[PDB]
Amino acid sequence: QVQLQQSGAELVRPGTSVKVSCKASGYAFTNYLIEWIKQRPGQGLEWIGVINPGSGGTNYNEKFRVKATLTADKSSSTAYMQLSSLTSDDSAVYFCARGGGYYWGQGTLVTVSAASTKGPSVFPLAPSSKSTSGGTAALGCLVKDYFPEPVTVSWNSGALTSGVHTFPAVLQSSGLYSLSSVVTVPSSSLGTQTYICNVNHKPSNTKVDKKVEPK
Amino acid sequence: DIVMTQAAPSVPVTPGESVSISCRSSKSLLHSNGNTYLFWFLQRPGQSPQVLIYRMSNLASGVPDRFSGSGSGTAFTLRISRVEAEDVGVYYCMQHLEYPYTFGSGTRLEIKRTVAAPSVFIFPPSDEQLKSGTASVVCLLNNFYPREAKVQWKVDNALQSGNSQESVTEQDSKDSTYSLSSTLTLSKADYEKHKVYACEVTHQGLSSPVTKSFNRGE
Ligand SMILES: N[C@@H](Cc1c[nH]c[nH+]1)C(=O)O
């Protein structure tokens, strides 16, 4: 089974450089091309360039020729993309893909910003009579005031997935993000089942497991 | 460069029916080897893209038979027969003939389902948040269709402006609905100067607006 494993999310200051990696497994790395793709949040796909890891040869979209440098390390089966002279225009998810686009990396989010990391507060959205109808209750968690993206939310350590809606984050007027995650459950379960939202904000090392109590 | 055009930003389809998604190129994608270097990709919400069709008309390995591609050298169609609710996502064409490779702007597939009014829930600010000096009031519109839904906030029956923010989920891959949150943000001090908090919801599935409210102090 082929896998392309990309490095983790980056928060980097404007005017600096960043290097993202794409480690290949499950096939002979030097026998296939690696392509790089940019995707701004909520937007489409843009092609950056391609490298032949066996030869070192590269071709770049002219739009990225000043911005991007593609290299490959045969000994570690890893392809690299360096982005220089960073600006907020470079904030995006960057993908690697084996030639032709059957096999893709999971993406690397790059946020270019001078703002400081901040961890969120996590507040319960408690189920009440104002969130209970026809035997169904709604409850959730509000994940407020964090930077940068992303936050992940699970419920009951991943055991609860049916009826969960975790909303896209919003950027508040303060420049900090906020999101909520909700779940609908049987109202008859409110007294017998513990509901916990597991919130992770990796950039601030925030991990909160908040129990949401009926009120 | 070769410009790829997808003229429809979205196309709607009822599950079990067929749908066509169009793409055009500003130059023929035909190569002298006889292949036309047009590729179709799907990107599901929160996932990496995945290939569907390679070289215009060939089904990629493991892709369901219901997906097919055809075209001239400059105009192309991805046909999805027997559409399933799980086919929601964005469909992109791409040319792989000449550098720089280029993508179309994408066409979302909207799954048509029965119209459904939202179930509306309202959450006062938590005591924990109030201790920190801020108050967030959350109104949840759950599992509705179509996507268009308007939320207005009224505090002490005064219509609010400028202090709410909404988030909408992507169309659910199982039930084809959307959900929406609206959050009204006030300071604790401003929040305690008022008693009645209400969100008013307008949606095609409703004959008249639905209001959910609470009074501060249970
Ligand atoms: N003929 C292409 C180069 C190419 C070969 N294979 C794929 N692309 C060009 O001029 O950009």
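Just so it is clear: chains get the letters A, B, ... in the order the sequence lines come, proteins before strands, and each one is counted from 1. Scope of the values below: all heavy atoms of this structure, side chains included, with no hydrogens, waters or symmetry mates.
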Can you tell me if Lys63(A) has over 12 outside heavy atoms packed within less than 6.0 Å of its NZ? no

With a 4.5 Å cut-off on heavy-atom pairs, point out which of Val120(B), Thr183(B), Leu180(B) contacts chain A the most. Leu180(B)

Can you confirm whether more than 12 heavy atoms, excluding those of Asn31(A), are under 6.0 Å from its CG atom? yes

Atom pair NE2/CD of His96(B) and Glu35(A) - distance to nearest 0.5 Å: 3.5 Å

Between NZ of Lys215(A) and OG of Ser126(B), what distance do you get to the nearest 0.5 Å? 9.0 Å

Within a reach of under 6.0 Å around NZ of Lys202(A), are more than 12 heavy atoms found that belong to other residues, nucleotides or ligands? no

Does any backbone or side-chain atom of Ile48(A) lie under 4.5 Å from a heavy atom of chain B? Answer side chain, backbone, both or neither. neither

To the nearest 0.5 Å, how far apart are CZ in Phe103(B) and CD in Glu46(A)? 9.5 Å

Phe121(B) portion near chain A, given a 4.5 angstrom heavy-atom threshold: both

Could you pull out the closest heavy-atom pair between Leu125(A) and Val138(B), with the gap in Å? CD2-CG2, 3.9 Å

Heavy atom to heavy atom, less than 4.5 Å: which residues from residues 25-38 of chain B reach chain A? none

Tell me, for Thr185(B) versus chain A, whether the close heavy atoms (under 4.5 Å) come from the side chain, the backbone, both or neither. side chain

Of the listed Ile122(B), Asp1(B), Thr102(B), the one with the largest count of heavy-atom pairs under 4.5 Å with chain A is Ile122(B)

In terms of heavy-atom contacts, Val51(B) and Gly101(A) come closest through CB-O, 3.4 Å

For atom CZ of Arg24(B), decide whether the heavy atoms of other residues, nucleotides or ligands shown that lie under 6.0 angstrom number more than 12. no

In terms of heavy-atom contacts, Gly107(A) and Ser48(B) come closest through N-OG, 4.5 Å

Residues of residues 140-150 of chain B within contact distance of chain A, non-hydrogen under 4.5 Å: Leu140(B), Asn142(B), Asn143(B)

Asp175(B), part contacting chain A, at a heavy-atom distance under 4.5 Å: neither

If one checks every heavy atom of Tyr54(B) against chain A at 4.5 Å, the contacting part turns out to be neither

Answer yes or no: are there more than 12 heavy-atom neighbours, outside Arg55(B) itself, under 6.0 Å from its atom CZ? yes

First locate atom OG of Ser167(B), then atom NE2 of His165(A), and finally report the distance between them rounded to the nearest 0.5 Å. 12.0 Å

Do any of residues 181-193 of chain A come closer than 4.5 Å to chain B, heavy atom to heavy atom, and if so which ones, in number order? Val182(A), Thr184(A)

Derivation and outcome, side chain to side chain contact (heavy atoms under 4.5 Å, CB included), residues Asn61(A) and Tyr99(B): CA-CA 7 Å; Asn61(A) 186 338; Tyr99(B) 298 136; over 6 Å; no

Separation between OG (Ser136(B)) and CG (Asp145(A)), nearest 0.5 Å, reads 8.0 Å

Of the listed residues (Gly105(A), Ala97(A), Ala138(A), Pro127(A)), which shares the most heavy-atom pairs with chain B below a 4.5 Å separation? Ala138(A)

Run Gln129(B) and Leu142(A) through side chain to side chain contact (heavy atoms under 4.5 Å, CB included) and show every step you take. CA-CA 10 Å; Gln129(B) 183 184 24; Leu142(A) 169 64; 4.3 Å; yes

Can you tell which part of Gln165(B) gets under 4.5 Å to a heavy atom of chain A, answering side chain, backbone, both or neither? side chain

Heavy-atom distance under 4.5 Å to chain B: side chain of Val50(A), backbone, both or neither? side chain

Less than 4.5 Å to any heavy atom of chain A: does that hold for the side chain of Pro125(B), its backbone, both, or neither? neither

If one checks every heavy atom of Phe167(A) against chain B at 4.5 Å, the contacting part turns out to be both

Let me know if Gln43(B) has heavy atoms under 4.5 Å from chain A in its side chain, its backbone, both or neither. side chain

Would you be so kind as to tabulate the donor-acceptor pairs closer than 3.5 Å made by side chains of residues 87-94 of chain B, with sequence neighbours excluded?
| from | atom 1 | to | atom 2 | distance (Å) |
| --- | --- | --- | --- | --- |
| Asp87(B) | OD1 | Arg66(B) | NH2 | 2.8 |
| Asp87(B) | OD2 | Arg66(B) | NE | 3.2 |
| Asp87(B) | OD2 | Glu84(B) | N | 2.9 |
| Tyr91(B) | OH | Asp87(B) | O | 2.6 |

For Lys130(A) and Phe123(B), indicate whether the former's side chain and the latter's backbone hold a donor-acceptor pair under 3.5 Å. no

Which bit of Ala126(A) comes within less than 4.5 Å of chain B, counting heavy atoms only: side chain, backbone, both or neither? backbone

If you look at every heavy atom in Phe39(B) and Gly100(A), which pair is closest and at what distance? CD2-O, 4.1 Å

Could you check if a side-chain atom of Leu45(A) sits within less than 4.5 angstrom of a side-chain atom of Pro49(B), using non-hydrogen atoms only? yes

Please give me the minimum heavy-atom distance between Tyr101(B) and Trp47(A), naming the atom from each residue. O-CB, 3.3 Å

Any donor-acceptor N/O pair, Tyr102(A) side chain to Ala60(B) backbone, under 3.5 Å: no

